[PDB]
Amino acid sequence: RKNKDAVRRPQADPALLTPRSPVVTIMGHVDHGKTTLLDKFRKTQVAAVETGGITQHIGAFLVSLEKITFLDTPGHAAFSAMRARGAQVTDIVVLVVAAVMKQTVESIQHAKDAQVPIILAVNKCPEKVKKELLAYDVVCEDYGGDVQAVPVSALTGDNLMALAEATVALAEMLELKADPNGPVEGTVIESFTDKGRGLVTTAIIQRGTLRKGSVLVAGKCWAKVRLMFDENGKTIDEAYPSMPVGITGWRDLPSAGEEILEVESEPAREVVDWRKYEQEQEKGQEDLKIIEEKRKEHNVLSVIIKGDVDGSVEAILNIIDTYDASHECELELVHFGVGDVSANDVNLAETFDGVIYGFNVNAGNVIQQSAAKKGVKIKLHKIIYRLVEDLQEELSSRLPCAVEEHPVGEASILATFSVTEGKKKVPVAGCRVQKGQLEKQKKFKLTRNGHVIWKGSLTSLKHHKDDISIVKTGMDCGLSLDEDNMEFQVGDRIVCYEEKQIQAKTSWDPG
Amino acid sequence: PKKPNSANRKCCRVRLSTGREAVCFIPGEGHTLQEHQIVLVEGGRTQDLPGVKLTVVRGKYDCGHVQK
RNA sequence: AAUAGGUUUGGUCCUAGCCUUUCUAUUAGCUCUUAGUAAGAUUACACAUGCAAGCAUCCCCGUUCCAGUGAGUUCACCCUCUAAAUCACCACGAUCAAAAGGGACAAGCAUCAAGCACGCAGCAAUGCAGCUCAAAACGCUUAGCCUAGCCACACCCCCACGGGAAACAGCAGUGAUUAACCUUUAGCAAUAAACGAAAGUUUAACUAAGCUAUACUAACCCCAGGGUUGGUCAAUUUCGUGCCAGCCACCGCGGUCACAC
RNA sequence: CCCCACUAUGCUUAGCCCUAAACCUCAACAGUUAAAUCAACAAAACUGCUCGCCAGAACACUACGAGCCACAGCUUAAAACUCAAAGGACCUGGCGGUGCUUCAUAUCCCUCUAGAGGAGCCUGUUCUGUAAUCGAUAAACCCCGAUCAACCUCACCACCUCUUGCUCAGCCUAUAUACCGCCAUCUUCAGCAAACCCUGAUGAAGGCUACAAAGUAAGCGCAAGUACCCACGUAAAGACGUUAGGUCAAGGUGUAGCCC
RNA sequence: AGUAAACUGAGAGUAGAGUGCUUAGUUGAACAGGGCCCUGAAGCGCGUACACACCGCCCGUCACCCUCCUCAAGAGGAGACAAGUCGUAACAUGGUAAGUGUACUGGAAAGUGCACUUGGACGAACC
Ligand SMILES: Nc1nc2c(ncn2[C@@H]2O[C@H](COP(=O)(O)OP(=O)(O)OP(=O)(O)O)[C@@H](O)[C@H]2O)c(=O)[nH]1
Ligand SMILES: [Mg+2]
Ligand SMILES: [Mg+2]
Ligand SMILES: [Mg+2]
Ligand SMILES: [Mg+2]
Ligand SMILES: [Mg+2]
Ligand SMILES: [Mg+2]
Ligand SMILES: [Mg+2]
Ligand SMILES: [Mg+2]
Ligand SMILES: [Mg+2]
Ligand SMILES: [Mg+2]
Ligand SMILES: [Mg+2]
Ligand SMILES: [Mg+2]
Ligand SMILES: [Mg+2]
Ligand SMILES: [Mg+2]
Ligand SMILES: [Mg+2]
Ligand SMILES: [Mg+2]
Ligand SMILES: [Mg+2]
Ligand SMILES: [Mg+2]
Ligand SMILES: [Mg+2]
Ligand SMILES: [Mg+2]
Ligand SMILES: [Mg+2]
Ligand SMILES: [Mg+2]
Ligand SMILES: [Mg+2]
Ligand SMILES: [Mg+2]
Ligand SMILES: [Mg+2]
Ligand SMILES: [Mg+2]
Ligand SMILES: [Mg+2]
Ligand SMILES: [Mg+2]
Ligand SMILES: [Mg+2]
Ligand SMILES: [Mg+2]
């Protein structure tokens, strides 16, 4: 098939290059003050207005100090891809460390992968932090390293001015320039479905100027740009390089992090078609292999996922894929999607006896009533770790009960008798209780020099021609089993035990 | 299939958009249909399969084309 | 169903069903160069946003129209009577057309056969006990229709004081849903409507554009794909397969020499 | 099913039940035999008028609803899933524990003679066994391919050896369900059939009566001739076909398969 | 009928090998009459749901799977799938002719009683 793909333009000519604003991404560990620092820079407060005070989305804001594009990456271990995406699209990384953690190390690794300058922000103020970072290849100027370290206090707004000065100086040193003309090149930061504006994508422009009516393609998707808005929702008539923008008009929802390229006209579709064909071919090859492998031969939790944005859905799916307890319980992902819980999700859950998990999405009264009618369980969460805990609870519920065996008593056989009762010969074991006590209700097991011979309950417990339920220590008792095949010797042992069912918890750990 | 034909016709039970479960034949040599996958099913009975009156449209949704 | 054809059987004749051949529409697969024109959500489910009703020396008039949808459904047609409206004003009338009265008026089900007051007389009091129905009453289900267009609805409670609640079945657009999916264009320059005495103003009506092989028309120096090839039915060489993989609208093919994969 | 005994029941009276292959499966009334009579069979073809009924098979004399003196009931009576048929009447053949008649001439029975099945042995086969063939294997296999295996024969097994090899290679490798070649069998039959013609309304099909009524028939077979001792008898002969009958191991050969 | 029976000889093939095969001869019988009852054949018919043709076809009960329907989800029914099992009910006078209504009975097709039908036959002069 002819190659109709739309490819990225060659690197811009030096004459066409024009200076642009810098893209700075704030990365770090959970509760290291990234959101608070961004709030202080933005002159607005949004850390307080959050569900649990956790940043669960990657947002881009155009701050005017000069102008910078700040990207707030989540600090949680769940949204690793999100952080990576920021590293892929950023020009400068502000690594915020509270006065080094796992996610800080991961963000450092992402920045090294992206080959991007790093500015250290010692929040909550330091020398110990720099000395530790020496191990992680982050060397401060005090230690002869290029990385600039700035101690700051985001809560009190201390030393932030010098932090901004260092960011501006590093941006000037980088000399970030791009072509503000020609076909548009950009990257998707997020994609979601607004009930009023359709499929919307938060993107960052890397090259060219985006305008209303521009035809864009991203992955298997394409759009005719209908509305370009900012973080506040106001329409913007142009999108210069290094400018966040919410673009509406996508015929299909692009995956987060996919490149966006402008094309000449809608009959774009061909390009999309070609890409689809390519993907099909790849899948087809895999299919062929599997099919050939077949032809040469010749406790199930099903979960629906509905998230507000594709990035959160991807993070949840990555968490799900880290499931390793398939032996005890099998976790099947029936369907994942973006948007509020809908009729198709309810039907899918009902069909497979699954459970719907809704991350930052709603469910109307009609949907809830339908789910109640069909026996579907919708579980709406606003925090990712709450959803993880709920999924773990469901998995544990699917797990069978674990029987705990507690020893109750022990008796040693002394003699074997044959009693003729009801025309039947019953073998009776005369046993002396050594430690503990024996109870009729509690189960018993037979031990022969350490080997386990029988497991069950006595058919008749009798002492001194009288039936007694509990024999104390040192009491003789004749024991008769329900199994006639069991042979009683002179030196056999009997161990009594009580069995209690206990709740079993999933062995899978999200970390 | 019913006599006198003999084969192992590749079929799949699917729940339709109408909420009804039905058996659909999967035409073509080799398929990779799995549980929870979405397909487009059309009419046209399979002659040798009693009770099968549907057919999966190859090349739509999760059902790819026949690999050459 | 026709100029008919294949198919019951060891075979023939008859009856009969099913399918084929033809023409459309929608969707799907594969494919697709241009121009003109026509047509264009699946859904009476929910709607972000922007616009869609002004004019005018103040009062008035219009916003009851146009535009939309097909949920509901023998309010549509003919006759009689006569409102509102136009003919400046009466027209001692014409045109147009409400309400009211009479008649006519979709499909399936009789395993819907009885409805249960459905009639008449009298000025009234009141009296008679009747009225409809197998020539389909009563009832249930389905459906917009008889297309220069007409009927019905306008978020639901048939209505809408009121209540539920805060309404795109106006245009552009979106969510959900479906196999089904047009631009968040411009102008009042033409016509139509509203207003004004008028120059004129307003109009998502409309006009001129946008997208789409859904259709028709026409063309291209280069640019062609889709289906089919056992019979019906136009058209197969060689390999591989070996009742397996697979194909078929019907009859059927495939078990080592396959015109059927 | 056959025999014996006995009851409900068959009968009477009074109510019910309301069904039948309740069929003469042929509606009532009026009329025609004119023709264009007429799918087939049946009990000829029709016309006018009216009523009742029917619309692929099966589901289904069913379910539900309704009505009934009926309570395991009767009447009316569907639908879903399924199939490409179901069905009616015929033609030819086979078959019948099918009728009538005539026969069987080593023959079906009663009969006549000698045997087999019982014993030992020879030999073949099945089964078992072995490292150790193959094929026939109901009549129509079983002293059969063999008018013939100690080596050879030999195609089997074990071990060893050779690679353009006795052969312008070879294979007893698979397929007798691709065949030729030679045969078994009905056959201890007498039919097969070209080319015509006629009947069936020009259907599959059928085609004889001698005081004759649609058959004629070349040819094959029977028969006749021929061999042995006759003209008798015995041989030989014995068509088309049947059993995908036997043989790929007499030989040849299609296809497929091995070539240190 | 020079048949059966008994006895003797020779040939083929082998280097040798059969109680085997082929062949010649010798002695040499008994019954041969009744019957259509048994098994078949022919002539004329009759029936036929078989047609690779009675070694045919075919019916019902007792498992699994699949679709649909009626249901107090357990179950029943129908159809397909088609097995195995128990019989052989129907198709020929199907071996008790078949069937309708109805009643009773039975593992199952089905059996029997009563009346009805030919969608059976009775062989079609006398004998
Ligand atoms: N002592 C001190 N505390 C601070 C300072 N800045 C911020 N904080 C606190 O630290 C917390 C930082 O957590 P977040 O606001 O969620 O910012 P974050 O590091 O991005 O955390 P995530 O969004 O979950 O990744 C805030 O709740 C502040 O209260 C500071 O300068 N000094
Ligand atoms: Mg934070
Ligand atoms: Mg509708
Ligand atoms: Mg009913
Ligand atoms: Mg309607
Ligand atoms: Mg609405
Ligand atoms: Mg209303
Ligand atoms: Mg609209
Ligand atoms: Mg949409
Ligand atoms: Mg369309
Ligand atoms: Mg005017
Ligand atoms: Mg008796
Ligand atoms: Mg009497
Ligand atoms: Mg009678
Ligand atoms: Mg009856
Ligand atoms: Mg009944
Ligand atoms: Mg009933
Ligand atoms: Mg003996
Ligand atoms: Mg042998
Ligand atoms: Mg053999
Ligand atoms: Mg030897
Ligand atoms: Mg050899
Ligand atoms: Mg043969
Ligand atoms: Mg002879
Ligand atoms: Mg002769
Ligand atoms: Mg054979
Ligand atoms: Mg053989
Ligand atoms: Mg019988
Ligand atoms: Mg009988
Ligand atoms: Mg009887
Ligand atoms: Mg009895």
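- The record names cryo-EM as the way this model was obtained, at a resolution of 3.1 Å.

### With respect to the interface of chain B and chain A
Okay, step 1: With ten residues of chain B at the contact, the number on the chain A side is 17 residues.
Okay, step 2: Approximately 1,200 Å² of surface area, both sides summed, lies buried where chain B meets chain A, with 53% of it carried by carbon and sulfur atoms.
Okay, step 3: Looking at the side of chain B facing chain A, the largest losses of area belong to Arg-15, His-36 and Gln-67 of chain B, adding up to 50% of the total buried there.
Okay, step 4: Counting across the interface, chain B meets chain A through one salt bridge.
Okay, step 5: When the shortest N-O distance is used, the salt bridge between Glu-350 of chain A and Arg-15 of chain B registers 3.2 Å.
Okay, step 6: In this assembly, chain B and chain A are joined by five residue pairs in polar contact.
Okay, step 7: Looking at side-chain class alone, the side of chain B that touches chain A contains no nonpolar, six polar and four charged residues.

### Brief notes about the sheet that holds strand β6 (residues 118–123) of chain A
Residues and elements named next belong to chain A.
Okay, step 1: Reading across the sheet, the six strands line up as β3-β4-β2-β5-β6-β7 and stay open at both edges, with mixed pairing between neighbours. Each edge of the sheet is formed by a strand with only one pairing partner; in this case those strands are β3 (59–64) and β7 (148–151). Looking at each pair of strands side by side, their axes are set apart by 25 degrees on average, direction ignored.
Okay, step 2: Direction of pairing for strand β2 (residues 23–28) relative to strand β5 (residues 92–98): parallel, over a ladder of five bridges. Bridge pairing in β5 places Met-27 opposite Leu-95.
Okay, step 3: Contacts from helix α4 (residues 127–135) reach β5, β6 and β7 within the one sheet, and its direction differs from that of β6 by about 145 degrees.
Okay, step 4: Its contacts with the sheet put helix α5 (residues 160–174) on β2, β4 (67–72), β5, β6 and β7, and the angle it makes with β6 is roughly 175 degrees.

### Focus: the packing of aromatic side chains
All names here are of chain A.
Okay, step 1: Under the definition given, this model contains three aromatic pairs over all chains.
Okay, step 2: Residues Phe-41 and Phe-70 carry aromatic rings whose centres are separated by 5.4 Å and whose planes lie at 35 degrees to one another, so their mutual orientation is tilted.
Okay, step 3: Overall, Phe-41 belongs to the buried group, its relative accessible area being 17%.
Okay, step 4: Residues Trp-274 and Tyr-277 carry aromatic rings whose centres are separated by 6.0 Å and whose planes lie at 35 degrees to one another, so their mutual orientation is tilted. Highlighted residues: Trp-274 and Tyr-277, both in helix α6 (residues 269–297), separated by three residues, approximately one helical turn.
Okay, step 5: Against the face of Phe-229 rests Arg-197, its NZ or CZ located 3.8 Å from the ring centre.

### Section: the site of ligand 1
Residues and elements named next belong to chain A.
Okay, step 1: The environment of ligand 1 is made up of 16 residues, and the closest members are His-32, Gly-33, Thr-55, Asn-123 and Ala-154.
Okay, step 2: A distance of 3.2 Å separates an oxygen atom of ligand 1 from a polar atom in the backbone of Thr-35.
Okay, step 3: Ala-154 places a polar main-chain atom, nitrogen or oxygen, 2.7 Å from an oxygen atom of ligand 1.
Okay, step 4: For ligand 1, the accessible surface in isolation is 640 Å², of which the surrounding protein chains cover 77%.
Okay, step 5: Sorting elements by how many residues they give to the shell around ligand 1 places helix α1 (residues 34–42) first, with three residues.
Okay, step 6: Taken together, the residues that form the shell around ligand 1 break down as three nonpolar, ten polar and three charged.

### Quick word on the side chain of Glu-394 of chain A
Okay, step 1: For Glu-394 of chain A, the position within the fold is in helix α10 (residues 384–398).
Okay, step 2: Residues within four places of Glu-394 of chain A in sequence aside, it is in contact with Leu-301, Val-355, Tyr-357, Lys-377 and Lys-379 of chain A.

### Topic: the packing of helix α7 (residues 310–321) of chain A against α10 of chain A
All names here are of chain A.
Okay, step 1: Their axes nearest at 12 Å, the elements α7 and α10 cross at an angle of 35 degrees. Our pair here, α7 against α10, has a crossing hand that is right-handed. Mapping the contact onto sequence places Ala-315, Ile-316, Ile-319 and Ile-320 in α7 and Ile-384, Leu-387, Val-388 and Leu-391 in α10.

### Describing α5 of chain A
Residue and element names in this part refer to chain A.
Okay, step 1: Taking 1.5 Å per residue as the helical rise, α5 with its 15 residues ought to reach 21 Å, and the 21 Å between its terminal C-alpha atoms agrees with that figure.
Okay, step 2: The complete set of buried residues in α5 reads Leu-160, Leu-163, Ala-164, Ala-166, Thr-167, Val-168, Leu-170 and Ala-171.
Okay, step 3: In the core, the buried residues of α5 are packed alongside β2, α1, β4, β5, β6 and β7.

### Here's the deal with the protein's contact with RNA strand D
Residues and elements named next belong to chain B.
Okay, step 1: Close to RNA strand D lie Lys-2, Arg-45, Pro-50, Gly-51 and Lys-53, which account for all nearby residues.
Okay, step 2: Counting only atoms of RNA strand D within 4 Å of the protein, the fraction found in sugar and phosphate groups is 100%.
Okay, step 3: In the model, a phosphate oxygen of RNA strand D is placed 3.3 Å from a nitrogen or oxygen of the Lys-2 side chain.
Okay, step 4: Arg-45 places a polar side-chain atom, nitrogen or oxygen, 3.4 Å from a phosphate oxygen of RNA strand D.
Okay, step 5: In terms of residue class, the surface near RNA strand D is built from one nonpolar, one polar and three charged.

### With respect to the nonpolar core
Residue and element names in this part refer to chain A.
Okay, step 1: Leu-71, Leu-301, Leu-331, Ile-384, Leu-391, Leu-395 and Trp-508 are the most contacted members of the largest nonpolar core, which has 34 residues in total.
Okay, step 2: Those elements giving two or more residues to this core turn out to be α2 (80–89), β15 (300–307), α7, β17 (355–359) and α10.
Okay, step 3: Sequence-distant contacts of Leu-391, defined by excluding residues within four places in its chain, comprise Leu-301, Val-303, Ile-320, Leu-331, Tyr-357 and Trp-508.

### Thoughts on the state of the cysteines
Okay, step 1: In total, this model carries zero disulfides over all chains according to the counting rule given.
Okay, step 2: Left without a disulfide partner, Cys-431 of chain A is nearest to the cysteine sulfur of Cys-477 of chain A, which lies 5.5 Å away.
Okay, step 3: The thiol of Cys-63 of chain B is unpaired, and the distance to the nearest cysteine sulfur, on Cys-12 of chain B, comes to 7.8 Å.
Okay, step 4: Looking at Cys-63 of chain B, the relative accessible area reads 1%, which means it is buried.

Reading the values: the criteria
- Residues numbered from 1 in each chain as written, not as in the entry; some residues may be left out.
- Chains lettered and ligands numbered in written order.
- Part of a larger assembly, values for the part shown.
- Heavy atoms only, no water.
- Contact = heavy atoms within 4.5 Å.
- Buried area = accessible area lost by both parts, 1.4 Å probe.
- Salt bridge = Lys/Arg side-chain N within 4 Å of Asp/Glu carboxyl O.
- Polar contact = N/O pair within 3.5 Å; in protein donor to acceptor, adjacent residues only side chain to side chain.
- Nonpolar A, V, L, I, M, F, W, Y, C, P; charged D, E, K, R; others polar.
- Pairing = 2+ DSSP bridges.
- Helix = DSSP H or I, 4+ residues; strand = E, 2+ residues; numbered from the N terminus.
- Axes fitted to C-alpha atoms, helices over the stretch in contact; angles between N-to-C directions.
- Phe/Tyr/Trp six-rings, centres within 6.5 Å; stacked < 30°, edge-to-face > 60°.
- Buried < 20%, exposed > 50% of the residue type's maximum accessible area, 1.4 Å probe, protein only.
- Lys NZ or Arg CZ within 6 Å of the ring centre and 35° of its normal.
- Near = heavy atom within 4 Å.
- Areas by Shrake-Rupley, 256 points an atom, 1.4 Å probe, with all protein chains shown as cover.
- Left-handed = near helix turned anticlockwise from the far one by under 90°.
- Expected span 1.5 Å × (residues − 1).
- Core = buried A, V, L, I, M, F, W, Y, C linked by side-chain atoms within 4.5 Å.
- Disulfide = S-S within 2.5 Å.

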